[PDB]
Amino acid sequence: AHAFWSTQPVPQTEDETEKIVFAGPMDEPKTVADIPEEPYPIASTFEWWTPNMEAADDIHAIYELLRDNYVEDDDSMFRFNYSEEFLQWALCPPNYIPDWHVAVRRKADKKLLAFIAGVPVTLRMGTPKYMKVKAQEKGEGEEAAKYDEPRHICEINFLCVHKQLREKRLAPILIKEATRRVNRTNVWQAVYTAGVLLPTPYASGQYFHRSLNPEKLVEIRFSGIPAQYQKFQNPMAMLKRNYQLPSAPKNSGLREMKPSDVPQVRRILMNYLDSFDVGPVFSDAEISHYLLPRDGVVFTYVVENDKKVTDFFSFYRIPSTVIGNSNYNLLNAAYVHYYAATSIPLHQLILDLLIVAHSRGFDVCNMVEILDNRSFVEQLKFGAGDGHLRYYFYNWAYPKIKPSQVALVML
Ligand SMILES: CCCCCCCCCCCCCC(=O)SCCNC(=O)CCNC(=O)[C@H](O)C(C)(C)COP(=O)(O)OP(=O)(O)OC[C@H]1O[C@@H](n2cnc3c(N)ncnc32)[C@H](O)[C@@H]1OP(=O)(O)O
Ligand SMILES: N[C@@H](CC(=O)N1C[C@@H](CO)[C@H](c2ccc(Cl)cc2)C1)Cc1ccc(Cl)cc1
Ligand SMILES: [Mg+2]
């Protein structure tokens, strides 16, 4: 059934997953000296290429490949269009490793054919709370605690093969080369998400969408006018009304995050994320990188009253190309990123997210039901979408957990 995935160190079935009771490695402890120094073999007409993702020209080459060949829906209506600024931000966080950005080029015409990228993350990934309780009940707490400390691992994303090269087994080769380069830095696990089902997720969460510009979303066929609105004289007028938002934020003391907010935001985020079984640990430099506003890419606001920051939210932007429409070219989507609420309810904080996103001309706000995102779905008029995102580890056995126990946002 899976000629590549069956050869890799990951749980092979739900049955196998169900037997997993402690966090820990799937495979044999190995060393850097055990790993081939020579790149993985590749066809004599292709070559490995390491782009410099801080150099505008190399970022643009990778941007075009993704623009034309990255994730699209089954009806070929929308294709992700991650921007050049967004790619530099996502792929070059503090202490990133340039050698983890891996491409294939055709030698003859230097045509870019494929890409995959890894970035460092410090991740809590030890046994989850409900399996620690089961371990305690059996007298097995020692074994359950062995990997509690945060681990420096790899997050993999942006795997892409050009449409002309599909179904030629190029993705496994890219994956094997990326794994070699990661293991050559003495890192042996990765985390990754996909919309497709592979062997074997440790968590899965549904998509949610919140309409901001319903007339545009219906015109581009992202949305339809739902059946119950057909009982009205003007179904679209009533749809617009249903999704209408204030034109300015409601929370007093809301303002953009600045560098001087970094220690307070780090404090309240890390206290919040601690409560979840799987979550990142961010340094001041990582908080700066992932949360300070960056035009067109990430938008972050704090609630500051009487000189103290007590709450914050962030969202990021990814436009999608609208593959067939005379009126519009782009779907401008805002995605819920990290947040923390200590002074106001989460729904009141995220209402201001929606207000800001709508004021800035976003068409839809999207998120996955991770974190406490279920706590404001109904009041804020999010609806579930189709399909499931799925969280995976490479070379890590992990008990199945609920998505409300995952705190890692995946870009
Ligand atoms: C310690 C460090 C470890 C580092 C590595 C950790 C692992 C990271 C794993 C990567 C995580 C990436 C996270 C993201 O970026 S998820 C986003 C993935 N990208 C897209 O969906 C963009 C559009 N599609 C494509 O570009 C191609 O269709 C891809 C590149 C997806 C496959 O190309 P193609 O269609 O030409 O097929 P092939 O003949 O070359 O290969 C067929 C094999 O590939 C397996 N396949 C198909 N889709 C995926 C997928 N999304 N993750 C993992 N495996 C996938 C498939 O089951 C089959 O294996 P098996 O079933 O035969 O066994
Ligand atoms: N490594 C994956 C990351 C992921 O699954 N995401 C990225 C996230 C956008 O930042 C997207 C998403 C899509 C829709 C909603 Cl409502 C929320 C998040 C899922 C690659 C990917 C990207 C997009 C999709 Cl739809 C499926 C897989
Ligand atoms: Mg292929």
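Just so you know, these numbers use all the heavy atoms, side chains as well, and skip hydrogens, waters and symmetry mates. For this chain, numbers begin at 1 and follow the sequence in order.
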Do other residues, nucleotides or ligands put more than 12 heavy atoms under 6.0 Å from the NZ atom of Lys138?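 No, NZ of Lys138 has 12 or fewer neighbouring heavy atoms, counting only those of other groups under 6.0 Å.
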Taking atom CZ of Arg79 as the centre, report whether more than 12 heavy atoms of other residues, nucleotides or ligands fall under 6.0 Å from it.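 Above 12, so yes.
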Any luck finding a side-chain donor-acceptor pair between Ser320 and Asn81 under 3.5 Å?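 Looking only at side-chain atoms, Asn81 and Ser320 do not form any donor-acceptor pair under 3.5 Å.
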Indicate whether the side chain of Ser252 and that of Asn305 have a donor and an acceptor atom separated by less than 3.5 Å.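 Looking only at side-chain atoms, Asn305 and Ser252 do form a donor-acceptor pair, the distance falling under 3.5 Å.
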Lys/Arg-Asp/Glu bridge criterion (N-O < 4.0 Å) met for [X], [Y]:
{"X": "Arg180", "Y": "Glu37", "result": "no"}
{"X": "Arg255", "Y": "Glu304", "result": "yes"}
{"X": "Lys240", "Y": "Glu215", "result": "yes"}
{"X": "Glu137", "Y": "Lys134", "result": "yes"}
{"X": "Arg151", "Y": "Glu149", "result": "no"}
{"X": "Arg266", "Y": "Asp261", "result": "no"}

Does anything in [range] form a ring-ring contact (aromatic ring centres under 6.0 Å, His included)? List the pairs, not counting sequence neighbours.
{"range": "residues 115-160", "answer": "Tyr70-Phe158, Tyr82-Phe158, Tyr147-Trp396"}
{"range": "residues 177-201", "answer": "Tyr192-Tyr392"}
{"range": "residues 10-46", "answer": "none"}

Is it the case that the side chain of [X] and the backbone of [Y] share a donor-acceptor pair, with hydrogens and angles ignored and the cut-off at 3.5 Å?
{"X": "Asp352", "Y": "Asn251", "answer": "yes"}
{"X": "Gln189", "Y": "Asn395", "answer": "yes"}
{"X": "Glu16", "Y": "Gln12", "answer": "yes"}
{"X": "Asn69", "Y": "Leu65", "answer": "yes"}
{"X": "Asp311", "Y": "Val303", "answer": "no"}
{"X": "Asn366", "Y": "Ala334", "answer": "no"}
{"X": "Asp363", "Y": "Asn332", "answer": "yes"}

Summary of salt bridge (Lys or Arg N to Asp or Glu O under 4.0 Å) pairs that have at least one residue in residues 87-109, sequence neighbours excluded: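 Residue pairs with at least one partner in residues 87-109: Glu47-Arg105, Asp99-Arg181, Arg106-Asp109.
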Just to verify, what does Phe362 make a ring-ring contact (aromatic ring centres under 6.0 Å, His included) with, not counting sequence neighbours?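 ring-ring contact (aromatic ring centres under 6.0 Å, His included) check on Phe362 returns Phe299, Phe315.
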Take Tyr202 and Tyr398, measure what ring pair (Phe, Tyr, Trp, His ring centres under 6.0 Å) needs, and give me the verdict at the end. CA-CA 6 Å; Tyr202 67 85; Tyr398 202 80; 5.5 Å; yes
Please tell me whether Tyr338 and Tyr290 form a close aromatic pair, meaning their ring centres lie under 6.0 Å apart.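 No - the distance between ring centres of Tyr338 and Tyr290 does not fall below the 6.0 Å cut-off.
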Ring centre gap for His209 and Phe222 strictly below 6.0 Å: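 Yes, they do, as the ring centres are separated by less than 6.0 Å.
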Name the one of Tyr301, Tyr339, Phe376 that satisfies ring-ring contact (aromatic ring centres under 6.0 Å, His included) with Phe313?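 It is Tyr301, the one option of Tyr301, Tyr339, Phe376 that forms the ring-ring contact (aromatic ring centres under 6.0 Å, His included) with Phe313.
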Can you find a pair of side-chain heavy atoms, one from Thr179 and one from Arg184, that are under 4.5 Å apart?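 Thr179 does not reach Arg184 side chain to side chain.
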Partners meeting salt bridge (charged side-chain N to carboxylate O under 4.0 Å, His left out) with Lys308 (sequence neighbours left out):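 Listed in chain order: nothing, the list is empty.
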